[PDB]
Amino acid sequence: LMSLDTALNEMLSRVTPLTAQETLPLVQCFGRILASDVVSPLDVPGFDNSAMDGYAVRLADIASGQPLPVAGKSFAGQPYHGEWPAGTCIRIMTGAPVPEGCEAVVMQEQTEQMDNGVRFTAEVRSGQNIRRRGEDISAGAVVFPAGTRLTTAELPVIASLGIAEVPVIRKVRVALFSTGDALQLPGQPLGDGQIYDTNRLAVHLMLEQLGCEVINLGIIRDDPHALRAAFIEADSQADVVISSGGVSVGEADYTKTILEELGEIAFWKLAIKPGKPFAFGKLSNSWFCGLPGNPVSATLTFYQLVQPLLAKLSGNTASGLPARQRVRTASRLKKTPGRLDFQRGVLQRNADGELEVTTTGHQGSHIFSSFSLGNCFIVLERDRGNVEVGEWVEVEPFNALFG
């Protein structure tokens, strides 16, 4: 009934991104959100330098027509500070400080050595090959704004400015747990109608990779106080509490009524596949996310619904989930109108070099193999029916959580 977007929208709208911050050295900020704009403390480059390997010259000497002896040189961390008499030139290296009064730099290639100097073959244009100070970044400018997710692309640039540490939003704290007497820890006796608790492992893994601090309370037994105890603790230590399974997502049972008295919880029926049930709401001091028991469902729901909520809570001022792209299907897709189907597929190059998708195979939620076999989701529109080979389709590539 309720659409994904509607649900995603109602969730995000009520959330306030975190603001608490800590200051850590650059090497520790991968994936962390900047707390406040990074303002450059200096100019970049910090001095007029050479764009090439060659010689620094003055236009009037070049005009003299005669060869020019080398009066000295400029190296990486060795700038020339000598005399530089008229009719002389200065051998210079890439990125090296240009000498005082340098009006141009000409690359070796346009140079012919001599015994009485250095001849310059081609034309010399004023200012050629002199990277000017501050031309790339100026002291006082905003290099990276707050909300930016620090990466290999940004941290090294911040380092170039002499900054050793930056203030970032504290990690998001997420509490995780499952409940039920039928659930057993892998490496235990599988009772009669029992099963191995696997969703919790799935969510823990993803949570860690996302950069969250995880408080894993393990499996809670089917007892009213043990369950209430887990919520009070979780709500008191985390920003978000997640039920990996067991706790009611709508069905009537004691977990539901316990949920109802511990916060304002909504029990939605989403127009999606796989999945459908999903619990969301506010607890005394945290947000609550309840996932469906089925492994394929809870994973899809976490990925499409929980992942985004965590991204906005972190401070990140950008979208937090892969973008889609249109492509043709080399496989026939069984789709039932009424639900937005997130099928699993395999993106690959055709013969003409273009992308096409193929189904990973059976899309039933009784098996978990589709996640391993495919590298994307084939996001089929709610109203759409069956898809025939050759039709265009929306594909969403898997992020790093799935290899």
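When you see a residue number, it is the position in the sequence shown, counting from 1.
Colleague: State which stretch shows the higher mean Cα B factor in the entry: 101-109 or 152-160.
Modeller: It is 101-109.
Colleague: As stated in the PDB record, which stretch has the larger average Cα B-factor, 346-354 or 27-35?
Modeller: Per the PDB entry, the higher value belongs to 346-354.
Colleague: Between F231, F302, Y80, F177, let me know which has the highest C-alpha B-factor in the entry?
Modeller: Highest C-alpha B-factor among the listed options: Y80.
Colleague: Could you say which of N216, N116, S244, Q209 has its CA atom at the highest B factor, as listed in the PDB entry?
Modeller: That would be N116.
Colleague: Tell me, lowest, middle or highest third: where does the Cα B factor of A202 rank within its chain?
Modeller: It falls in the bottom third of the chain.
Colleague: Which third, lowest, middle or highest, does the CA B-factor of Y55 fall in along this chain?
Modeller: Highest third, going by the recorded CA B-factors of the chain.
Colleague: Going by the recorded CA B-factors, say which third of the chain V172 sits in, lowest, middle or highest.
Modeller: Its C-alpha B-factor, which the entry lists for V172, ranks in the lowest third among residues of this chain.
Colleague: Among the modelled residues of its chain, does the C-alpha B-factor of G290 lie in the lowest, middle or highest third?
Modeller: Answer is lowest: the recorded C-alpha B-factor places it there.
Colleague: Grab the CA temperature factor for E10 from the record and place it in the lowest, middle or highest third of its chain.
Modeller: Its C-alpha B-factor belongs to the highest third of this chain's values.
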